[PDB]
2 protein chains.
Amino acid sequence: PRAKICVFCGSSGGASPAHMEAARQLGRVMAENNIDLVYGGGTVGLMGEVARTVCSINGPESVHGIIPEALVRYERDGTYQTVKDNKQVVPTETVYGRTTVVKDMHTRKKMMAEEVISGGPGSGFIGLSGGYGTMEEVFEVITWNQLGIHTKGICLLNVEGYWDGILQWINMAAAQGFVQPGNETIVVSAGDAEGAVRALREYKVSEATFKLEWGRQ
Amino acid sequence: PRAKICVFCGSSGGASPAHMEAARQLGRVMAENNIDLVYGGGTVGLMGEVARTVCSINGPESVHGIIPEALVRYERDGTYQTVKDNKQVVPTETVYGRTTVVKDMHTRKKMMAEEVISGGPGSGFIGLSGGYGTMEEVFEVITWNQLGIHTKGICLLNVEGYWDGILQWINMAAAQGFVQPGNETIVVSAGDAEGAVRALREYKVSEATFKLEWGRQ
């Protein structure tokens, strides 16, 4: 079973070029380590970029995008050249990999998460630069790790201190106890892509609790 | 139609007394303006405190808590003393208001959100100090405002600079364009409770877009 990483990132490209370059490098590092990609299914912005590079290196079978029925297209213009039996027009498989269309957002999040959770070692969630939606996704999978539903690691790919405020908040919440001790390390940050993939490979759920409790049992 | 505010906050009390006191004050201000409460349910932490004060001032009909079947109790104990026909044991109605039990988390979030959305003017979402789950809820309703699903305002009740890192991130994301212009103001912060209620009452969805586009028609 190959490792699978779900990348949460913006539909937009981002003001600084550093975000797009970070998307490229993340794609390159994931492809180099034979890690399959799970993502929102966009062809634009960081999403489209990661999908594009990963698919460029390792083919369509390497990338899986999950799209709700609401965001489906019914006419074959531009990047969308692949047509399903039901006449839904979807992003080009050769350029952006396989895509599944699900009815609602709920089963979409559930499917992406499920694919990551059932992946081999090194499988994890990565949050690249993004807006409100990627944040909701990241905190969702974080909450799921906290509830003991899954043991996969969660890494924030921090480009030019983009995620700094959130890490700051995590620290504050930890200090205030709203995040319980041993749960502060569910999410980790990385300066670069290799850092992030490495973080996902290294991650152990019981590690923080072990460090906390072992000397006292 | 009375105004309804859904308050998102941690099950834990918080290290500093300021968070709990803030829960009390929010309860008092909400009760004074005849604003009904929607919340996670339970009797412990900020949730329990807000529910407790609001119900203390304005009675059971004033508070609605929504609880998943998993968090139901089947035997009477402590704060949980009210038994439904189906023999589910729920927090005391006289102390903590009415509570509805739903199957899963999804329909729970949808129900709380629904109750806010169909409320009268001044209805809103408030994020008091909380962990990962409340964060996911807040960014969820923010995303829903962004998609045009609802026109209600979202306010972070900032206790001792608890939410500061998040506001910082919102500014950074706005600057980087991952939060589109006119969407940075979907969420606003408040130092005190009256501030928050005021913010929810004042909020207008098209305002930012108006400021952005009116000059360009």
Side-chain angles (χ1 to χ4, degrees), chain A residues 4-28 30-31 36-112 115 126-137, chain B residues 143-149 173-174 176-183 206 209 212-213 216-217:
Chain A
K4 299 204 181 272
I5 297 190
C6 168
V7 178
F8 297 123
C9 47
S11 52
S12 61
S16 157
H19 307 261
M20 286 287 294
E21 182 61 31
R24 267 179 294 272
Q25 290 172 346
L26 181 56
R28 234 174 251 106
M30 281 176 66
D36 280 15
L37 165 72
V38 178
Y39 87 118
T43 58
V44 184
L46 304 196
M47 273 186 269
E49 186 67 10
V50 175
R52 205 177 296 113
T53 57
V54 174
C55 190
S56 72
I57 302 165
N58 282 330
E61 231 76 83
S62 64
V63 175
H64 194 201
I66 294 88
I67 300 181
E69 204 146 66
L71 295 176
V72 174
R73 288 178 200 217
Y74 289 99
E75 285 298 336
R76 194 191 197 142
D77 184 26
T79 43
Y80 294 59
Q81 298 295 318
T82 297
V83 178
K84 300 299 174 63
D85 293 324
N86 61 11
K87 297 293 159 180
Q88 296 178 357
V89 177
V90 184
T92 311
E93 203 160 294
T94 60
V95 195
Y96 295 84
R98 298 199 315 111
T99 299
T100 301
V101 174
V102 296
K103 301 174 181 174
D104 36 48
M105 295 296 282
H106 182 61
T107 57
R108 167 174 186 247
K109 283 192 287 167
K110 293 181 68 67
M111 190 171 285
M112 290 163 80
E115 214 182 315
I126 283 175
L128 245 175
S129 321
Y132 296 132
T134 68
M135 195 71 87
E136 182 278 335
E137 273 138 57
Chain B
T143 296
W144 283 342
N145 175 291
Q146 201 197 262
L147 274 152
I149 294 171
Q176 224 58 218
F178 286 103
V179 172
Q180 297 306 321
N183 283 343
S206 71
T209 302
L212 263 305
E213 299 290 352
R216 331 192 272 198
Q217 322 120 357

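In what follows, every chain begins at residue 1, and chains take the letters A, B, ... in the order their sequences are listed. When reading the values below, keep in mind they use all heavy atoms of this one structure, side chains included, and skip hydrogens, waters and symmetry mates.
Note that CD of B:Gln180 is 10.5 Å distant from OH of A:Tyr132, once rounded to the nearest 0.5 Å. In this structure, CZ on A:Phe8 lies 8.5 Å from OG1 on A:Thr134, to the nearest 0.5 angstrom. A:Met20 CE to A:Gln25 CD: the interatomic distance, rounded to the nearest 0.5 Å, is 12.0 Å. Rounding to the nearest 0.5 angstrom, the gap separating the CG atom in A:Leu37 from the SG atom in A:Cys6 is 8.0 Å. If you take OG1 on A:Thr79 and OH on A:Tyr96, they are separated by 5.5 Å, rounding to the nearest 0.5 Å. To the nearest 0.5 Å, the span separating CG on A:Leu71 from CD1 on A:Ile66 amounts to 13.0 Å.
Across all their heavy atoms, A:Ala22 and A:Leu128 have their closest contact at CB-CD2, 4.2 Å. When all heavy atoms are compared, the tightest approach of A:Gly41 to A:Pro91 is O-CG, 3.8 Å. Counting all heavy atoms, side chain and backbone alike, A:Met105 lies closest to A:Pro68 at SD-CG, 3.8 Å. Here the closest heavy-atom approach between residue A:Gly97 and residue A:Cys55 is recorded as N-SG, 3.5 Å. Among all heavy-atom pairs drawn from A:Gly13 and A:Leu46, the shortest one is O-CD2, 3.3 Å. Closest non-hydrogen pair, A:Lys87 versus A:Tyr74, comes out as O-CD2, 3.7 Å.
Counting only distance, with no hydrogens or angles, the side chain of A:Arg108 and the backbone of A:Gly40 share a donor-acceptor pair below 3.5 Å. Counting only distance, with no hydrogens or angles, the side chain of A:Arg98 and the backbone of A:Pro60 share no donor-acceptor pair below 3.5 Å. Side-chain atoms of A:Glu136 never come within 3.5 Å of backbone atoms of B:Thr143 as a donor-acceptor pair (strictly under, hydrogens ignored). Put simply, the side chain of A:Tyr39 never gets that close to the backbone of A:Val63: no donor and acceptor are under 3.5 Å apart. For the pair A:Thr92 (side chain) and A:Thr94 (backbone), a donor-acceptor distance under 3.5 Å is absent. With A:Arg52 contributing its side chain and A:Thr43 its backbone, the two residues share a donor-acceptor pair below 3.5 Å. Under a 3.5 Å cut-off, the side chain of A:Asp36 and the backbone N or O of A:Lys4 do not form any donor-acceptor pair.
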>> Apply side chain to side chain contact (heavy atoms under 4.5 Å, CB included) to residues A:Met47 and A:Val7 and explain how you reach the verdict.
In response: CA-CA 8 Å; A:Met47 273 186 269; A:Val7 178; over 6 Å; no
>> If you apply the rule side chain to side chain contact (heavy atoms under 4.5 Å, CB included), what do you find for A:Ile5 with A:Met30, and how did you get there?
In response: CA-CA 8 Å; A:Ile5 297 190; A:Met30 281 176 66; 3.7 Å; yes
> Can A:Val83 and A:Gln88 be said to form a side chain to side chain contact (heavy atoms under 4.5 Å, CB included), step by step?
Replying inline: CA-CA 6 Å; A:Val83 178; A:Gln88 296 178 357; over 6 Å; no
>> Could you walk me through whether A:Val54 and A:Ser62 satisfy the side chain to side chain contact (heavy atoms under 4.5 Å, CB included) test, starting with their C-alpha distance in whole Å, then the side-chain angles of each, then the deciding distance to 0.1 Å, before giving a yes or no?
In response: CA-CA 7 Å; A:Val54 174; A:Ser62 64; 3.8 Å; yes
> Can A:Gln81 and A:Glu93 be said to form a side-chain hydrogen bond (donor to acceptor under 3.5 Å, both in side chains), step by step?
Replying inline: CA-CA 8 Å; A:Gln81 298 295 318; A:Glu93 203 160 294; over 6 Å; no
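The shortest side-chain heavy-atom distance between A:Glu69 and A:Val102 does not fall under the 4.5 Å cut-off. Residues B:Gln176 and A:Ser16 are in side-chain contact: their nearest non-hydrogen atoms beyond the backbone lie under 4.5 Å apart.
Of the listed residues (A:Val89, A:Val101, A:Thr99), just one forms a side chain to side chain contact (heavy atoms under 4.5 Å, CB included) with A:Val72, and that residue is A:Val101.
Counted within 6.0 Å of NZ on A:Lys110, heavy atoms from surrounding residues, nucleotides or ligands total 12 or fewer; the atom is thus considered open. The environment of A:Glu61 atom CD is sparse: at most 12 non-hydrogen atoms of other residues, nucleotides or ligands sit within 6.0 angstrom. Within 6.0 Å of the CG atom in A:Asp77, the count of heavy atoms belonging to other residues, nucleotides or ligands does not exceed 12.
Ring centroid separation for the pair A:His19 and B:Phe178 comes in under the 6.0 Å cut-off.
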